[PDB]
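Inspection log for the structure reproduced underneath, given as C-alpha cells.
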Amino acid sequence: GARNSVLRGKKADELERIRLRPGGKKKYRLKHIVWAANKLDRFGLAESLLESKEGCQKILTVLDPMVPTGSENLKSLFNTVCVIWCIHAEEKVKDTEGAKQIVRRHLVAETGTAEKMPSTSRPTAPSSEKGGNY
Ligand SMILES: CCCC(=O)OC[C@H](COP(=O)(O)O[C@@H]1[C@H](O)[C@H](O)[C@@H](OP(=O)(O)O)[C@H](OP(=O)(O)O)[C@H]1O)OC(=O)CCC
C-alpha cells in the first residue's frame, strides 16, 4: 500500500511490543513483514491475504502440518502468520509463542466440531518425569 502505510498507530505499539522469543529481546518489525510477505509471493500465496484475518487462517492451515514436517525456512513464516492474525483479531500476545497458542486454540475449535474428536489418553509414567517451568 502507501496511504498511511498498512500498520496503524495504536496497533503499531502492541506489534512493536511483541517479541520474537519469550526469553529474547527482538521485537517484531516491518523487516519481518517483508520477509514473510515475500515468502508467500514466491511460494504461491498472495500478499493481501496478510491484511485480512480470514485469509491468514487459510495460510496457517497449510503451514500447520508443514511445521512437524518441514524445514526452518518454513516454520519461520508459520510463526509470523500466527502473529499477523492475532493483530487483526484484536488478540493480545506477549511473545511469538503466546500467539501460536491463541491462534491454534482458535483453529482447532473450528476443525474439532465435525468428526475429529480426541482419542483415549494415557496416564503419566511412574519414573521421574517432573521437569518444566511455567
Ligand atoms: C539471511 C537469513 C536470516 C533470516 O532470514 O532471518 C530470519 C528472521 C530474522 O532473523 P532472526 O532473528 O535470526 O530469526 C528468528 C530468531 O532467531 C528467533 O529467536 C527464532 O526463535 P522462535 O521465534 O522460533 O522461538 C526464530 O526461529 P524460527 O521461527 O525460524 O524457528 C528465527 O526465525 O526470522 C524472523 O524472525 C522472521 C519472522 C519469523
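Labels used: A, B, ... for chains in the order of the C-alpha cells, numbers from 1 for residues in each chain, and numbers from 1 for ligands as shown.
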
For ligand 1, list the contacting residues at 12 Å or closer, counting only C-alpha atoms and all ligand atoms, as number ranges by chain.
A: 18-39, 67-68, 70-84, 95-100

Can you tell me which residues surround residue A:107 at a distance of at most 9 Å, considering only C-alpha atoms, apart from same-chain residues fewer than 6 positions away, and format the answer as an mmCIF file with N, CA and C atoms, in the first residue's frame?
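What landed in around-v1.cif:
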```cif
data_model
loop_
_atom_site.group_PDB
_atom_site.id
_atom_site.type_symbol
_atom_site.label_atom_id
_atom_site.label_comp_id
_atom_site.auth_asym_id
_atom_site.auth_seq_id
_atom_site.Cartn_x
_atom_site.Cartn_y
_atom_site.Cartn_z
ATOM 1 N N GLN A 57 -6.025 -17.411 8.028
ATOM 2 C CA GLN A 57 -6.470 -18.709 8.519
ATOM 3 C C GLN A 57 -6.243 -19.795 7.472
ATOM 4 N N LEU A 60 -2.228 -20.531 7.705
ATOM 5 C CA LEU A 60 -1.780 -21.283 8.873
ATOM 6 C C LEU A 60 -2.235 -22.736 8.792
ATOM 7 N N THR A 61 -3.335 -22.968 8.082
ATOM 8 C CA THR A 61 -3.875 -24.313 7.926
ATOM 9 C C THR A 61 -2.958 -25.177 7.067
#
```

Helix (DSSP H, G or I) residues, from DSSP on the backbone, in stretch 16-119 of chain A, as a PyMOL selection string:
chain A and resi 16-17+30-43+48-50+53-63+72-88+96-108

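The coordinates place atom CA of residue A:103 at 22.1 Å from atom CA of residue A:133.
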
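Interatomic distance, atom CA of residue A:48 against atom CA of residue A:13: 21.9 Å.
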
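Minimum distance to residue A:55 across A:119, A:42, A:126, A:88 (counting only C-alpha atoms) occurs at A:88.
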
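When atom CA of residue A:62 is paired with atom CA of residue A:2, their separation reads 29.3 Å.
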
Tell me, as an MDAnalysis selection string, which residues lie within 7 Å of residue A:89, counting only C-alpha atoms; anything in the same chain fewer than 3 positions away does not count.
chainID A and resid 53 85:86

With N, CA and C atoms retained, write the just-selected residues as a tab-separated table (two decimals), in the first residue's frame.
```tsv
chain	number	residue	atom	x	y	z
A	53	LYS	N	-7.78	-11.15	8.38
A	53	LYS	CA	-7.57	-12.24	9.33
A	53	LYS	C	-8.09	-13.56	8.76
A	85	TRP	N	-2.40	-12.69	12.47
A	85	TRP	CA	-3.81	-12.97	12.74
A	85	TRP	C	-4.22	-12.43	14.10
A	86	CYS	N	-3.32	-12.51	15.07
A	86	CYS	CA	-3.59	-12.03	16.41
A	86	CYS	C	-3.72	-10.51	16.43
```
